[PDB]
Structures are given as C-alpha cells and as structure tokens.
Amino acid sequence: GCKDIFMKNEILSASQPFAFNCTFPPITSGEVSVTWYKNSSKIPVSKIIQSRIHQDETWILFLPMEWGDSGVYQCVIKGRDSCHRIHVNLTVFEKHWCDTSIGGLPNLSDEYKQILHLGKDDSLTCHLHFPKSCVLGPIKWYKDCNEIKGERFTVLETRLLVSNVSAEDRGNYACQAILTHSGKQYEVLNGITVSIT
C-alpha cells in the first residue's frame, strides 16, 4: 500500500525547540497530504498545538525536544493514487558546546558543517528551521563562544555575512534566537563548525 523510503542521514538536535519539515521534493510538491508518525505505521503524532511533540502543518514540532525523543519517525506522503513512507532518524543531544563539551553534538552531520571560501565575500546560515507559528526574535551570532564584533561580519537576520574571508575565520560559530510560540518564549542555540577552503 505505501512505498517505504529510508533516509540515510540522521538529523541531530540539541535538547531545546526543534522542528523538521516533511519536504522531500519532488514527492511533496503539488497536491499531497503529509502525516507524521513516531515509530509506527498506524498511530500518528498529535495535532494538539499544546502537545510537546505535535504536527504543525507539514512539520513535526518539539517544544522542546528532550532526552528520550531519539528514534525513527515516519512521514507518510499521499498524492493522487501514490503513497510513500519516509523513515527519518531524529536524534537529540543534551548539551551545548559553550556550556560543556560533555554529552554534546555526537557527530558532525552536514547541517553542523559549513565552509567559507578564502578571499571571497561569503555567508553562514543558522540551520534554524521552524514552521510559521514559531516566530524568531532577534538573532545574535557568536564565534568561539563570544559575540561577533568585527568589520567583516554582519548579522542579517538568520544569516551571517562574512566579507573577505581570512584563514583566521575557522572555528565554531553559533546563532541564538528567542522563539515565540503561542505567547510562550523559548530559547534556541544552534552551532556550526566552519572550515576555510
């Protein structure tokens, strides 16, 4: 009845607000229905906005993601006579790099790794993906756990503009923002490791 597709890459998140969108082009383009499940092909995730883990539009939202949430989730995509079930491994880690090095990011998945081209005007991104109901407040950026304060760096909402990339620009970057969902405020901090090409 439904074609099983296995996602080869694991998605990692800190124990804080997290959202993953069921965007799998070309299958999710056009008139299709999307249903999120939590390690089941029969019982879906809750649709109650007040649930800690719930389906918000095409997204699975964790407010917040916490220890015990790691596992396999399923996005069932149904079109006009067509069914696909994506098995997605979402994994939570407990701590942030600037607080402690223990129990943090277990591996450098693609999302936590970015590159800056030496001598070029380049940019970094947050990897802060949330549905429209999660309004992101002012975004602050850090380099090696200290707020960025340099002529070549410019915060531009969810992007960090970097002028004339130098070799000293290698290091860990992070972006922090206040997330506002249903009148409640939560904090989100996302890190990245940047290497200079």
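In this text, residue numbers run from 1 along the sequence as written.
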*Quick one: say whether 78 to 86 or 94 to 102 has the higher mean Cα B-factor in the deposited entry.*
78 to 86
*Of the options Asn9, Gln185, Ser13, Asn21, which has the highest CA B factor as deposited?*
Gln185
_Please place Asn172 in the lowest, middle or highest third of its chain according to the CA B-factor in the PDB entry._
lowest
*Would you please rank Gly150 by its C-alpha temperature factor against the other modelled residues of its chain and give the third it falls in: lowest, middle or highest?*
highest
*Among the modelled residues of its chain, does the C-alpha B-factor of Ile5 lie in the lowest, middle or highest third?*
middle
*Taking the C-alpha B-factors as the PDB entry records them, is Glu31 in the lowest, middle or highest third of its chain?*
highest
*Quick one: classify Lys47 as lowest, middle or highest third of the chain based on its Cα B-factor.*
highest
